[PDB]
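Everything below concerns the one structure shown next.
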Amino acid sequence: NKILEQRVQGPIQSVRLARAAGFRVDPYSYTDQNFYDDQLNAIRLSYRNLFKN
Amino acid sequence: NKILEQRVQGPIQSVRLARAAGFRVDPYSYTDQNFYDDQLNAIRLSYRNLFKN
Amino acid sequence: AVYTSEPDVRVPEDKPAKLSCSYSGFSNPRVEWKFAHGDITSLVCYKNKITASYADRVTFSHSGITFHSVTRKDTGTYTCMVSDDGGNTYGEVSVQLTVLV
Amino acid sequence: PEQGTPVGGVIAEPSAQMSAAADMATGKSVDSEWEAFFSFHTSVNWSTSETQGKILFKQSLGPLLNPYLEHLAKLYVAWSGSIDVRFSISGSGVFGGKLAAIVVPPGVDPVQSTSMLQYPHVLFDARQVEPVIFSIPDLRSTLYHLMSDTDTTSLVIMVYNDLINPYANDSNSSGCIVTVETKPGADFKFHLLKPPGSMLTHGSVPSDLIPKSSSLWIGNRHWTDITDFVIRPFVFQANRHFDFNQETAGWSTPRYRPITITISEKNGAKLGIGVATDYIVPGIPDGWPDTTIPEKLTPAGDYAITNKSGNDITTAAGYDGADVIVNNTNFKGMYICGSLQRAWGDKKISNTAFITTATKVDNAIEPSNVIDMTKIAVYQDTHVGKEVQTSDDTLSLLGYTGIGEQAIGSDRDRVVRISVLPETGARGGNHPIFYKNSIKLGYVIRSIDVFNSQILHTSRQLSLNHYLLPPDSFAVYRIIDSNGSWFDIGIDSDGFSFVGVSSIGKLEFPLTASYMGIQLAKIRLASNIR
Amino acid sequence: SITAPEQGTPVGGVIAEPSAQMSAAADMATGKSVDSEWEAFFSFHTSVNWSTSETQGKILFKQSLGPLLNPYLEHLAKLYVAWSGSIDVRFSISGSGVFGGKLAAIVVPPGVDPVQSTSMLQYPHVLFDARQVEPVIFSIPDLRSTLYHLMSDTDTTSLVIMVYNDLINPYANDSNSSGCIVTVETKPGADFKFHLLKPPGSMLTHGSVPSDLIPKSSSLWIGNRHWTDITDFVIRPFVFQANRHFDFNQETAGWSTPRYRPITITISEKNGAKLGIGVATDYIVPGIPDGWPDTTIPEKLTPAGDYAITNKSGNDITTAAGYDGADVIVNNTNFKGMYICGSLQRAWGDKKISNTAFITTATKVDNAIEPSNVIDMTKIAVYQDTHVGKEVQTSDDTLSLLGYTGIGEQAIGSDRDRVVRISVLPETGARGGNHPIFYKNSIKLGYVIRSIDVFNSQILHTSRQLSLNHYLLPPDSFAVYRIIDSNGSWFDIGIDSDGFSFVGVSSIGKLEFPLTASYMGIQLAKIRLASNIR
Amino acid sequence: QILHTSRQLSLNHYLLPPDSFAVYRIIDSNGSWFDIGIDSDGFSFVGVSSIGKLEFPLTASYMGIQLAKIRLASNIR
Amino acid sequence: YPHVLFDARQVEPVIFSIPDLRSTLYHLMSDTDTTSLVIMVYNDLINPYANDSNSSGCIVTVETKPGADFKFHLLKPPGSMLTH
Ligand SMILES: [K+]
Ligand SMILES: [K+]
């Protein structure tokens with residue numbers, strides 16, 4: 001089971017691995033709404049910015 | 001407990017090798033600061049030449 | 001009125017140490033410091049003044065004393081005794097200094 | 001007959017032949033030169049993803065179409081006459097596709113559709129040899145405007161035929177980039193001289209929103225120097241987010257000085273509430289940070305890591321040689337400070353502190369992103385006893401105690417706000433950004449990623465200057481690096497920074513930032529990074 | 001192929017035409033001149049004093065020629081790199097009838113280092129008696145050797161006022177605190193004309209004009225030795241600083257930069273030392289950190305314990321508001337004089353709340369220290385409760401400065417021997433009858449709530465610009481900035497090349513602190529500045 | 001059908017031949033775009049083969065009339 | 001500022017006679033405060049025939065010529081012949 005989890009700690013491990021080494025990494029830079037949450041805020045945030053002045 | 005060490009000396013065991021038979025290998029060349037110490041030196045480096053004439 | 005900022009102290013050997021005697025409500029006080037360890041004893045100050053035995057490695061203030069350095073020998077208990085010039089008013093405080101050998 | 005009593009007491013009054021011999025070296029030959037040539041205004045990116053009906057340029061009439069005249073509108077309260085314009089498209093013979101121009105009248109406010117092309121319009125293609133000129137007339141019910149009658153003969157350009165970029169799918173930035181060069185018409189005439197100092201602060205230009213270097217940039221959330229940039233689809237920040245209206249929902253100032261507070265506490269306690277003495281919003285200490293704790297907490301103690309199983313972490317990449325970094329401390333997730341502690345009483349050192357925004361359960365705290373006098377919190381040793389000790393205090397921020405997360409401004413819900421939370425999304429095809437930074441931790445020598453929304457030097461100028469801009473426009477800045485890889489940034493009226501590229505990669509950070517002009521929001525901003 | 005500067009295809013106004021019947025309509029309602037209207041009146045320029053203490057032969061106002069003498073022209077001259085021609089001038093006095101006394105006004109040609117005497121009056125001199133109601137007009141011609149001038153040229157014709165006869169107030173021969181304000185106003189002659197458009201955004205080589213050295217509010221002012229805000233000014237005969245003091249050659253004898261950031265160092269100590277030596281992480285000079293303070297201990301000492309403050313040498317430990325009664329607060333402490341800094345003790349195995357700094361510069365002979373008049377990478381001092389033992393416990397510390405510990409001492413900067421200098425200490429005395437100054441902010445103490453005063457040689461914004469930008473000033477000149485309170489009480493600050501400020505009086509008193517600023521030109525060092533106060 | 005589409009058809013006698021559209025445009029907030037047609041019946045129509053994900057905070061506008069039996073226009077990514 | 005433009009499809013080379021604008025009658029050899037020319041970019045180029053690493057392609061040759069009014073002044077004997 002201790003190797004089983006390592007998949008779940010796949011991404012942050014690699015980041016937390018590379019960052020411990022003298023590397024620079026920019027994983028945060030995503031631009032699309034694909035997760036359907038980012039989509040949903042964009043609905044309301046547009047709608048709220050519409051009636052609002 | 002030493003076959004694993006060879007993975008630690010991945011690069012040099014290839015570069016101390018090819019230089020021995022007998023090539024002209026020149027790995028030292030790099031250009032991009034992707035180490036987080038190189039740019040951080042560049043932060044300070046550009047910060048000093050600015051004030052100091 | 002007498003008190004301190006640090007009733008107990010922990011230091012290694014050879015290092016400094018400060019020991020407070022925060023008096024108050026006096027006019028022209030006279031002050032004494034006395035060693036105490038088991039049954040061994042020695043007056044360190046007298047009349048707001050250090051003895052000749054410890055003056056080299058010891059300082060003095062009205063608000064405390066400061067040792068330039070220490071040994072394990074100073075392990076034990078000290079005490080500050082105050083008295084107004086006149087025997088009028090009085091106070092004390094007792095301090096334990098343990099060296100961290 | 002002006003008041004005075006002139007005197008020939010002085011001697012020389014030399015010839016007015018020198019004034020020719022000044023004109024003999026310098027070919028002056030003129031009174032004003034800007035009425036006899038063209039002057040750069042701005043630049044755009046008519047990229048491939050723009051269609052039949054977009055607008056590339058839209059400016060009402062005024063001096064602002066020439067940066068000479070704008071420097072002189074400060075000396076007058078009036079103007080009257082046409083202005084000239086000139087374009088140049090950069091498609092020498094390659095880029096297909098044409099544009100269309102309209103001179104809308106005063107009173108209308110044109111829209112982003114084709115319907116405006118039911119009106120007299122002029123077109124011009126990109127396969128040019130000789131550029132174009134449009135003499136914007138002046139049309140008005142009055143005799144002279146007042147540097148405030150924005151309702152004038154606006155100009156419009158919209159696309160008619162889309163471009164074609166024969167070989168650059170995504171090789172260069174856009175290729176089709178077109179300048180806007182202007183000149184006043186001969187009938188252009190200021191009127192009614194004024195004194196500078198009386199009516200001003202109208203049209204200050206966005207030219208010093210960013211430095212021209214980046215060794216001296218810093219974030220609007222932590223003092224540390226920038227390292228690179230971060231795109232997001234959404235952006236959000238309140239603290240130190242000043243717009244182009246001298247406003248913010250934030251509580252603070254655009255500067256990093258310490259934070260004086262006082263905490264009256266008894267029963268030998270540590271956890272307490274901070275009251276304000278240096279505020280701009282009543283109750284807040286004007287420098288307080290913007291983030292809440294993750295969870296309920298009962299602050300009592302010290303640090304811990306535990307490595308998912310129980311094994312603690314000190315071994316110099318024990319922090320790295322660990323599957324997860326579950327912080328089992330009781331004041332986790334809150335900021336850090338220096339906390340000099342003045343008080344009548346304690347003849348003792350003044351221990352450091354730990355701060356965040358949260359409530360109480362009489363000894364235990366809970367996150368609640370809204371803020372007031374009550375939501376403040378601290379955690380200091382403070383060297384206390386029974387009696388209520390006043391404990392005046394002053395705080396300067398250093399770090400963030402939370403260890404095993406990267407949760408420092410991506411959590412929209414964990415951001416402190418008065419009531420509202422300014423946000424943006426994409427526009428045109430431009431996306432927003434964070435200016436990344438770097439902040440330190442409490443226990444271990446490591447550091448962590450950080451977020452911002454504005455450079456601080458960009459955020460204080462807006463505190464105290466009326467940089468003119470409409471809402472539907474940016475203030476472009478053309479960043480490069482020390483590798484040639486360049487790109488653009490716009491700045492919306494809100495103060496958020498937008499960018500037109502999908503990604504960045506990584507770049508030689510020792511870079512500059514030059515101004516270019518103004519640009520409509522609904523445009524792909526450019527980059528040809530390596 | 002080529003497109004020239006004014007080359008394009010005129011399609012013109014599509015719906016309409018830029019008519020001409022209309023523009024003349026706007027003209028006739030508002031009237032016109034030959035494309036300019038600041039060649040027909042006298043702009044206001046400035047105002048200065050004339051008090052009883054200014055005896056005969058003394059000077060009040062020397063400004064050279066240039067567009068600075070007309071605020072319409074200083075504006076435009078940011079478009080051009082050149083000029084040529086004269087000025088018309090009008091000055092006057094707002095004097096009473098009783099205030100007799102006579103005044104002069106001379107144009108001195110170039111290449112003169114004039115004198116506060118009366119021999120200049122053998123030149124053609126204009127008069128203006130105080131009783132004289134009506135103003136006077138005269139000219140300032142451009143007597144020059146070159147075909148024209150540049151904005152970086154300051155060797156032109158120049159106006160000077162001179163006291164042809166001193167002032168008199170027969171009434172109040174008790175205080176001698178009289179007025180007789182002067183004013184000056186300018187109109188250019190039609191001979192005046194700029195040349196040579198400067199490409200906007202372009203600087204000059206010889207250097208720019210200093211008109212952004214000081215902001216326009218006290219709110220934006222802080223000291224070049226501590227982050228706190230100004231409150232009041234100070235005069236001293238001698239003035240000096242080295243930390244963030246920059247000169248107009250963009251140089252300094254300092255180790256620091258015009259910021260106030262957290263400092264970061266690297267202790268390495270053992271055996272419960274609590275008296276480590278900090279090495280550098282960031283700097284501009286090797287060894288020394290950036291933002292490190294400029295102050296030495298008063299005298300030798302031995303840090304073991306903690307605070308102590310007593311009334312006198314016979315009595316209590318005040319620890320309350322009943323402390324002002326001492327007057328000789330003596331501070332018999334473990335230690336003294338240090339500057340306090342916040343801290344962040346990051347050491348891989350120090351699972352404890354980190355603890356405060358108590359730093360300065362000093363030599364570490366032993367567990368005691370001794371004063372460091374001079375700085376070096378060995379003379380860096382700390383006193384933390386860094387949680388250590390027998391074993392070495394290395395750590396980054398990430399300091400940041402808050403306050404001060406030397407209770408009872410005077411305002412910092414006076415104690416020259418306590419001040420830090422690497423090798424050189426920029427210093428000045430009086431100058432042309434002026435006085436130098438410090439700038440007084442506050443700083444906070446350790447034990448009591450109170451705050452001791454601190455001196456400063458420069459505002460910080462005055463120092464950022466000089467590290468960066470290449471300003472212009474000859475050594476025999478100042479940059480005259482006029483300081484105004486919320487009242488109309490005001491005066492003028494000059495600034496030499498070194499950065500040290502100067503003032504033309506010996507006192508200020510107190511004033512409505514919401515104060516401002518404004519640039520006013522280039523006055524010599526010999527000359528006394530203005531002072532319109534009470 | 002969008003409701004607002006279906007409301008206006010309930011009331012207002014709009015004009016179109018049988019074999020044409022009433023084309024409207026779409027612009028996702030990535031700058032991309034595609035067109036949409038509307039037959040007399042009301043069924044929307046499109047010309048692309050795929051859409052995928054897109055910056056949904058989008059707009060719409062009217063280009064004109066287009067003959068039904070032609071591929072519409074588009075531009076993606 | 002008044003700018004002249006020219007394209008990369010230029011056939012005939014281009015001249016740009018610099019004048020001598022000055023406040024003094026004649027310069028010296030040591031003077032620097034003089035007129036100065038600059039070329040700056042106005043439309044970024046286009047070529048599909050290059051790569052990110054190498055940069056073979058555009059080169060902007062510059063050549064000079066004294067001009068009609070050019071004149072030396074104030075002869076000197078050799079020794080001095082400063083030679084800098
Ligand atoms: K304290
Ligand atoms: K610690």
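Note on naming: chains are A, B, ... as they come in the structure tokens, residues start from 1 per chain, ligands start from 1 in the order shown.
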Any chance you could lay chain B over chain A, fitting all C-alpha atoms in order by least squares, and write the moved chain as an mmCIF file with C-alpha atoms, in the first residue's frame?
```cif
data_model
loop_
_atom_site.group_PDB
_atom_site.id
_atom_site.type_symbol
_atom_site.label_atom_id
_atom_site.label_comp_id
_atom_site.auth_asym_id
_atom_site.auth_seq_id
_atom_site.Cartn_x
_atom_site.Cartn_y
_atom_site.Cartn_z
ATOM 1 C CA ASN B 1 -0.319 -0.297 0.666
ATOM 2 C CA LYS B 2 2.006 2.717 0.264
ATOM 3 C CA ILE B 3 3.563 2.189 -3.169
ATOM 4 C CA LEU B 4 0.036 2.821 -4.389
ATOM 5 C CA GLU B 5 -0.084 6.056 -2.405
ATOM 6 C CA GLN B 6 2.857 7.348 -4.426
ATOM 7 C CA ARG B 7 0.625 7.281 -7.485
ATOM 8 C CA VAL B 8 -1.739 9.551 -5.574
ATOM 9 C CA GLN B 9 1.165 11.953 -5.044
ATOM 10 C CA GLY B 10 2.292 11.658 -8.632
ATOM 11 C CA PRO B 11 2.648 15.375 -9.336
ATOM 12 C CA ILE B 12 3.844 16.891 -6.081
ATOM 13 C CA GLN B 13 6.402 14.151 -5.537
ATOM 14 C CA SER B 14 7.828 15.345 -8.866
ATOM 15 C CA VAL B 15 7.334 19.056 -8.171
ATOM 16 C CA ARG B 16 8.377 19.052 -4.538
ATOM 17 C CA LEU B 17 11.359 17.181 -6.023
ATOM 18 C CA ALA B 18 12.579 19.353 -8.887
ATOM 19 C CA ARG B 19 12.071 22.465 -6.779
ATOM 20 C CA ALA B 20 14.467 20.846 -4.296
ATOM 21 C CA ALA B 21 17.243 20.054 -6.782
ATOM 22 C CA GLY B 22 16.899 22.814 -7.706
ATOM 23 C CA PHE B 23 14.883 23.993 -10.600
ATOM 24 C CA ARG B 24 12.601 26.951 -11.259
ATOM 25 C CA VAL B 25 9.542 24.879 -12.000
ATOM 26 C CA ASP B 26 6.296 26.747 -12.618
ATOM 27 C CA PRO B 27 3.387 24.338 -13.101
ATOM 28 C CA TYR B 28 0.821 26.770 -11.731
ATOM 29 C CA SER B 29 0.247 28.368 -15.133
ATOM 30 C CA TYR B 30 -2.873 27.232 -16.913
ATOM 31 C CA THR B 31 -5.330 29.015 -19.151
ATOM 32 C CA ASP B 32 -8.168 26.727 -20.199
ATOM 33 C CA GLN B 33 -11.179 26.101 -17.995
ATOM 34 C CA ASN B 34 -11.220 22.328 -18.238
ATOM 35 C CA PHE B 35 -12.322 21.597 -14.696
ATOM 36 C CA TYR B 36 -16.107 22.449 -14.712
ATOM 37 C CA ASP B 37 -15.669 24.608 -11.588
ATOM 38 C CA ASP B 38 -13.568 27.197 -13.364
ATOM 39 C CA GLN B 39 -16.098 28.003 -16.074
ATOM 40 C CA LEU B 40 -18.938 27.662 -13.591
ATOM 41 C CA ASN B 41 -17.215 30.399 -11.659
ATOM 42 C CA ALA B 42 -16.954 32.267 -14.962
ATOM 43 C CA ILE B 43 -20.700 31.861 -15.497
ATOM 44 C CA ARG B 44 -21.354 33.619 -12.225
ATOM 45 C CA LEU B 45 -18.441 36.004 -12.659
ATOM 46 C CA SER B 46 -19.749 37.282 -15.980
ATOM 47 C CA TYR B 47 -23.278 37.287 -14.567
ATOM 48 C CA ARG B 48 -22.425 39.698 -11.745
ATOM 49 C CA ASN B 49 -20.307 42.213 -13.645
ATOM 50 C CA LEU B 50 -23.263 42.460 -16.019
ATOM 51 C CA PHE B 51 -25.826 43.763 -13.518
ATOM 52 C CA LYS B 52 -23.440 45.342 -11.045
ATOM 53 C CA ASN B 53 -21.763 48.340 -12.646
#
```
Mind checking which residues fall within 12 Å of residue 42 of chain C, counting only C-alpha atoms, ignoring those fewer than 4 positions away in the same chain, and posting them as a PyMOL selection string?
-> chain C and resi 32-38+46+50-54+74+76-79
Check which residues fall inside 8 Å of ligand 2 when counting only C-alpha atoms and all ligand atoms, and print them as a ChimeraX atom specification.
-> /D:442-443 /E:344-347,349-355,386-387
Which residues sit within 12 Å of ligand 1, counting only C-alpha atoms and all ligand atoms, listed as number ranges by chain?
-> C: 5; D: 339-352, 380-384, 389-394; E: 306-308, 319, 340, 355-356, 405, 445-449
Once you count only C-alpha atoms, what closest atom pair and distance in Å to one decimal does each residue of chain G within 10 Å of chain D have, with rows by chain and rising residue number, as a Markdown table?
```
| residue | atom | partner | partner_atom | distance |
| --- | --- | --- | --- | --- |
| G:1 | CA | D:39 | CA | 6.0 |
| G:2 | CA | D:37 | CA | 6.3 |
| G:3 | CA | D:38 | CA | 8.2 |
| G:7 | CA | D:92 | CA | 7.8 |
| G:8 | CA | D:92 | CA | 8.5 |
| G:9 | CA | D:92 | CA | 7.9 |
| G:19 | CA | D:25 | CA | 9.7 |
| G:20 | CA | D:25 | CA | 8.2 |
| G:21 | CA | D:25 | CA | 5.8 |
| G:22 | CA | D:25 | CA | 6.4 |
| G:23 | CA | D:25 | CA | 7.3 |
| G:24 | CA | D:25 | CA | 9.2 |
| G:25 | CA | D:25 | CA | 9.3 |
| G:42 | CA | D:90 | CA | 8.5 |
| G:43 | CA | D:90 | CA | 5.6 |
| G:44 | CA | D:90 | CA | 7.7 |
| G:45 | CA | D:90 | CA | 8.3 |
| G:46 | CA | D:175 | CA | 7.4 |
| G:47 | CA | D:167 | CA | 9.2 |
| G:48 | CA | D:167 | CA | 7.1 |
| G:52 | CA | D:530 | CA | 7.0 |
| G:53 | CA | D:530 | CA | 9.6 |
```
Just C-alpha atoms for this one: save the residues we selected as a PDB file, in the first residue's frame.
```pdb
ATOM      1  CA  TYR G   1       9.664  62.735 -33.455  1.00  0.00           C
ATOM      2  CA  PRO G   2      10.171  63.063 -37.220  1.00  0.00           C
ATOM      3  CA  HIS G   3      11.098  59.588 -38.382  1.00  0.00           C
ATOM      4  CA  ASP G   7      11.351  48.797 -46.044  1.00  0.00           C
ATOM      5  CA  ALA G   8      13.304  45.570 -46.343  1.00  0.00           C
ATOM      6  CA  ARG G   9      12.170  45.433 -49.978  1.00  0.00           C
ATOM      7  CA  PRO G  19      24.106  67.689 -40.737  1.00  0.00           C
ATOM      8  CA  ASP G  20      26.383  69.386 -38.207  1.00  0.00           C
ATOM      9  CA  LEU G  21      24.188  71.198 -35.708  1.00  0.00           C
ATOM     10  CA  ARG G  22      26.198  73.096 -33.163  1.00  0.00           C
ATOM     11  CA  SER G  23      26.515  76.154 -30.988  1.00  0.00           C
ATOM     12  CA  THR G  24      30.166  76.861 -31.825  1.00  0.00           C
ATOM     13  CA  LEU G  25      31.719  77.880 -35.097  1.00  0.00           C
ATOM     14  CA  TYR G  42       9.255  49.962 -36.707  1.00  0.00           C
ATOM     15  CA  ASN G  43       7.859  46.670 -37.974  1.00  0.00           C
ATOM     16  CA  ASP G  44       9.347  43.364 -36.914  1.00  0.00           C
ATOM     17  CA  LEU G  45      10.587  41.388 -39.859  1.00  0.00           C
ATOM     18  CA  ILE G  46       9.184  38.264 -41.450  1.00  0.00           C
ATOM     19  CA  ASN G  47      11.102  35.282 -42.692  1.00  0.00           C
ATOM     20  CA  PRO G  48      10.222  31.555 -42.617  1.00  0.00           C
ATOM     21  CA  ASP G  52      15.838  29.800 -33.208  1.00  0.00           C
ATOM     22  CA  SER G  53      19.515  28.872 -32.854  1.00  0.00           C
TER      23      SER G  53
END
```
Pick out the residues sitting within 7 Å of residue 300 of chain E, and hand them over as a list in words; count only C-alpha atoms, and ignore anything fewer than 3 positions along from it in its own chain.
-> residues 369, 370 and 371 of chain E
Keeping N, CA and C atoms for every residue in the selection just given, could you write it to a file as an mmCIF file, in the first residue's frame?
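Writing done, so here's selection-v5.cif:
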```cif
data_model
loop_
_atom_site.group_PDB
_atom_site.id
_atom_site.type_symbol
_atom_site.label_atom_id
_atom_site.label_comp_id
_atom_site.auth_asym_id
_atom_site.auth_seq_id
_atom_site.Cartn_x
_atom_site.Cartn_y
_atom_site.Cartn_z
ATOM 1 N N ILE E 369 31.980 42.233 23.735
ATOM 2 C CA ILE E 369 32.267 42.942 22.496
ATOM 3 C C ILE E 369 32.918 44.273 22.821
ATOM 4 N N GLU E 370 33.310 45.008 21.790
ATOM 5 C CA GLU E 370 33.897 46.325 21.958
ATOM 6 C C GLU E 370 33.517 47.164 20.751
ATOM 7 N N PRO E 371 33.634 48.488 20.843
ATOM 8 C CA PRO E 371 33.085 49.337 19.785
ATOM 9 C C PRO E 371 33.832 49.197 18.475
#
```
Give me the residues within 10 Å of residue 108 of chain D as a PDB file with N, CA and C atoms, in the first residue's frame, counting only C-alpha atoms and dropping any in the same chain fewer than 5 places off.
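Resulting contents of selection-v1.pdb:
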```
ATOM      1  N   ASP D 151     -17.778  63.740 -25.945  1.00  0.00           N
ATOM      2  CA  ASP D 151     -18.724  63.466 -27.018  1.00  0.00           C
ATOM      3  C   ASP D 151     -18.295  64.247 -28.249  1.00  0.00           C
ATOM      4  N   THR D 152     -17.472  63.617 -29.083  1.00  0.00           N
ATOM      5  CA  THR D 152     -16.927  64.258 -30.268  1.00  0.00           C
ATOM      6  C   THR D 152     -16.965  63.278 -31.424  1.00  0.00           C
ATOM      7  N   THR D 153     -16.385  63.702 -32.538  1.00  0.00           N
ATOM      8  CA  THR D 153     -16.366  62.903 -33.747  1.00  0.00           C
ATOM      9  C   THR D 153     -15.387  61.756 -33.616  1.00  0.00           C
ATOM     10  N   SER D 154     -15.827  60.675 -32.999  1.00  0.00           N
ATOM     11  CA  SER D 154     -14.948  59.548 -32.794  1.00  0.00           C
ATOM     12  C   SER D 154     -14.603  58.886 -34.114  1.00  0.00           C
TER      13      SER D 154
END
```
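Here atom CA of residue 169 of chain D and atom CA of residue 48 of chain D stand 8.5 Å from one another.
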Counting only C-alpha atoms, give me one row per residue of chain E with an atom at most 7 Å from an atom of chain B, showing the shortest contact pair and its distance in Å to one decimal, sorted by chain then residue number, as a tab-separated table.
```
residue	atom	partner	partner_atom	distance
E:284	CA	B:48	CA	5.8
E:467	CA	B:51	CA	5.4
E:468	CA	B:51	CA	6.3
```
Taking only C-alpha atoms into account, which residues of chain E are within 9 Å of chain G, as JSON, numbers by chain?
-> {"E": [1, 2, 3, 4, 5, 6, 145, 146, 147, 148, 149, 150, 197, 198, 199, 200, 205]}
Deliver the residues from the most recent selection as a file, using C-alpha atoms, as a PDB file, in the first residue's frame.
```pdb
ATOM      1  CA  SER E   1       9.100  52.077 -50.969  1.00  0.00           C
ATOM      2  CA  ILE E   2      10.195  54.812 -48.598  1.00  0.00           C
ATOM      3  CA  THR E   3       7.567  56.699 -46.663  1.00  0.00           C
ATOM      4  CA  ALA E   4       8.789  60.111 -45.558  1.00  0.00           C
ATOM      5  CA  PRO E   5       7.801  61.846 -42.294  1.00  0.00           C
ATOM      6  CA  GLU E   6       4.669  63.351 -43.870  1.00  0.00           C
ATOM      7  CA  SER E 145      29.439  83.665 -26.686  1.00  0.00           C
ATOM      8  CA  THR E 146      27.647  80.834 -28.470  1.00  0.00           C
ATOM      9  CA  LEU E 147      25.011  80.754 -31.152  1.00  0.00           C
ATOM     10  CA  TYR E 148      22.594  79.424 -28.532  1.00  0.00           C
ATOM     11  CA  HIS E 149      22.424  77.526 -25.243  1.00  0.00           C
ATOM     12  CA  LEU E 150      21.414  74.134 -23.948  1.00  0.00           C
ATOM     13  CA  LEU E 197      12.946  69.200 -30.421  1.00  0.00           C
ATOM     14  CA  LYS E 198      14.212  66.618 -28.012  1.00  0.00           C
ATOM     15  CA  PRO E 199      13.004  63.119 -28.858  1.00  0.00           C
ATOM     16  CA  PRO E 200      10.580  62.421 -26.006  1.00  0.00           C
ATOM     17  CA  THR E 205      24.227  63.645 -21.386  1.00  0.00           C
TER      18      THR E 205
END
```
Extract the full set of strand (DSSP E or B) residues from segment 371-489 of chain E according to DSSP on the backbone, and format it as number ranges by chain.
-> E: 371, 380-381, 395-396, 399-401, 412, 427-428, 435-444, 451-454, 459, 471, 477, 480-484
Atoms kept (C-alpha atoms) for selection, written as a compact mmCIF listing (two decimals), in the first residue's frame:
```txt
# COMPACT_ATOMS: atom_id res chain seq x y z
CA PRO E 371 33.08 49.34 19.78
CA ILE E 380 28.97 42.20 12.93
CA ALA E 381 27.13 41.67 16.18
CA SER E 395 20.77 28.98 10.56
CA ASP E 396 19.51 31.64 8.24
CA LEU E 399 16.25 39.93 10.24
CA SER E 400 14.24 43.12 9.94
CA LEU E 401 14.70 46.30 11.92
CA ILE E 412 21.29 59.23 16.96
CA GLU E 427 30.84 65.87 6.22
CA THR E 428 30.02 69.56 5.87
CA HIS E 435 23.45 75.97 7.86
CA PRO E 436 23.31 72.27 7.06
CA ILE E 437 20.63 70.07 8.61
CA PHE E 438 19.40 66.64 9.50
CA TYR E 439 15.84 65.40 9.09
CA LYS E 440 14.21 64.20 12.28
CA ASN E 441 12.07 61.11 12.36
CA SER E 442 11.36 58.93 15.38
CA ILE E 443 12.34 55.46 16.47
CA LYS E 444 10.98 53.14 19.11
CA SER E 451 10.28 56.80 21.23
CA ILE E 452 13.66 58.50 20.91
CA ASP E 453 14.54 60.90 18.14
CA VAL E 454 16.70 60.02 15.14
CA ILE E 459 14.70 61.75 2.53
CA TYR E 471 21.22 64.73 -12.29
CA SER E 477 25.31 75.52 -6.42
CA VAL E 480 16.39 75.20 -4.16
CA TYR E 481 13.22 73.53 -2.94
CA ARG E 482 10.62 75.63 -1.15
CA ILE E 483 8.94 74.10 1.90
CA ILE E 484 5.48 75.27 2.94
```
If we count only C-alpha atoms and set the cut-off at 10 Å, which residues sit around residue 26 of chain G, ignoring sequence neighbours fewer than 5 positions away in its own chain? Please answer as a short mmCIF file (atom, residue, chain, number, x, y, z; two decimals) with C-alpha atoms, in the first residue's frame.
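Full text of selection.cif as output:
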```
data_model
loop_
_atom_site.label_atom_id
_atom_site.label_comp_id
_atom_site.auth_asym_id
_atom_site.auth_seq_id
_atom_site.Cartn_x
_atom_site.Cartn_y
_atom_site.Cartn_z
CA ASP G 20 26.38 69.39 -38.21
CA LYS G 71 36.15 70.71 -43.94
CA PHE G 72 39.01 70.27 -41.58
CA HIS G 73 40.37 73.39 -39.91
CA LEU G 74 43.44 74.71 -38.12
#
```
